[PDB]
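Engineer: Turn this into a structure:
(chains A and B, ligands or ions: 8)
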There are 2 protein chains.
Amino acid sequence: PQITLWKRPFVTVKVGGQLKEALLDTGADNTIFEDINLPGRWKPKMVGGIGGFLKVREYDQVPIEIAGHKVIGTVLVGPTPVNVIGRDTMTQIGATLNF
Amino acid sequence: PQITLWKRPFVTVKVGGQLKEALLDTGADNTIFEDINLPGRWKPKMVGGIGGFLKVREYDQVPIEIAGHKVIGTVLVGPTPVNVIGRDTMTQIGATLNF
Ligand SMILES: CC(C)CN(C[C@@H](O)[C@H](Cc1ccccc1)NC(=O)O[C@H]1CO[C@H]2OCC(F)(F)[C@H]21)S(=O)(=O)c1ccc(N)cc1
Ligand SMILES: [Cl-]
Ligand SMILES: [Cl-]
Ligand SMILES: [Cl-]
Ligand SMILES: [Cl-]
Ligand code: NA
Ligand SMILES: [Y+2]
Ligand SMILES: [Y+2]
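Structural biologist: Residues are numbered from 1 along each chain as shown, chains lettered A, B, ... in the order given. Ligands and ions are numbered 1, 2, ... in the order given. See below for the structure:
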């Protein structure tokens, strides 16, 4: 699709089998979800933004169905206020900004 | 321009006469800069992200030269780790996401 930016750019995804809404976020390097359960080993990490770093777990497998594509991506899991789709995932689906 | 997302989407702007680099950030509701000085009255605020709330001043005049356009927009000033151009400014220049 092509969208304007008058509303927050949410999309519906399925991540590790769970349905979620997440913000298409060109300012996020890294996709992050809260409140999902994923199997297997993880590696610990932190992400930094406006007003603080957060603690996350990293998963490297994890399926992500987004905008009619299925990619395999890195997903960070931790208590973000909204779920975001970052550039790691958006580049896999060929997303572009026009301005 | 049309850009892909393989790198952080920085643009060069002139905000209140000062040259800055800022991230085109579709996950940001409003534009924020650090280390700019702007004239006139302001109003207090906080924004929230990964990690919690950055404290800011809001200015309502403030000229912003971006991508060959000159907007007048709202600008928040506070200690963000990277300057961001949010949807408030991006909508005024007609920016779109393609995915
Ligand atoms: C989280 C999102 C819903 C809100 N934020 C915008 C983001 O685009 C932010 C913009 C941002 C970029 C760079 C530093 C701080 C914030 N990026 C961000 O938090 O990304 C994190 C996840 O991937 C990593 O890549 C950048 C990172 F931060 F490190 C990590 S924000 O910065 O908190 C923000 C909130 C409100 C306004 N008005 C403006 C900005
Ligand atoms: Cl909205
Ligand atoms: Cl929780
Ligand atoms: Cl980069
Ligand atoms: Cl590039
Ligand atoms: Na990904
Ligand atoms: Y939760
Ligand atoms: Y500073």
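Engineer: burial of the nearest residue to residue A:74 once chain neighbours are set aside, as a residue count?
Structural biologist: Spatially, and ignoring its direct neighbours in sequence, residue A:74 is nearest to residue A:60 (5.4 Å; C-beta to C-beta, 6 or more residues apart in numbering or on different chains). Quick note: C-beta positions are derived from backbone N, CA and C, even for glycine. Residues within reach of residue A:60, counting by other C-beta atoms under 10 Å in any protein chain shown, total 12.
Engineer: Isn't residue A:60 up against residue A:88?
Structural biologist: No: between residue A:60 and residue A:88 there is no contact under C-beta atoms under 8 Å: 11.0 Å.
Engineer: Identify the contacts common to the two.
Structural biologist: residue A:74 (C-beta atoms under 8 Å, 6 or more residues apart in numbering or on different chains).
Engineer: returning to what we had before: separation between the residue nearest to residue A:74 and residue A:75?
Structural biologist: For residue A:60, the distance to residue A:75 (C-beta to C-beta, to the nearest Å) stands at 8 Å.
Engineer: now swap in residue A:15 and tell me
Structural biologist: According to C-beta to C-beta, residue A:15 and residue A:75 sit 6 Å apart.
Engineer: who's more crowded, those two?
Structural biologist: For the pair residue A:15 and residue A:75, the greater number of neighbours falls to residue A:75 (27 against 24), based on other C-beta under 10 Å.
Engineer: wait, does stretch A:63-78 contact ligand 1?
Structural biologist: No: Stretch A:63-78 stays clear of ligand 1 (C-beta under 6 Å from any ligand atom), getting no nearer than 7.7 Å.
Engineer: Same question for stretch A:8-20.
Structural biologist: No: Stretch A:8-20 lies out of reach of ligand 1 by C-beta under 6 Å from any ligand atom, never closer than 8.5 Å.
Engineer: export stretch A:70-77 as CSV, just CAs?
Structural biologist: Taking Å, rounded to 0.1, in the frame of the first residue of the first chain, the C-alpha atoms of stretch A:70-77 are listed here in CSV:
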residue,chain,number,x,y,z
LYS,A,70,6.4,-13.3,5.2
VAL,A,71,9.8,-12.6,6.2
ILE,A,72,12.1,-14.0,8.8
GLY,A,73,13.5,-11.3,11.0
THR,A,74,15.0,-10.4,14.4
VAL,A,75,12.5,-9.5,17.0
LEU,A,76,13.2,-7.8,20.2
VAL,A,77,10.7,-8.5,23.0
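Engineer: Would you mark the buried spots in it?
Structural biologist: By 16 or more other C-beta atoms under 10 Å in any protein chain shown, the buried positions in stretch A:70-77 come out as A:71, A:73, A:74, A:75, A:76, A:77.
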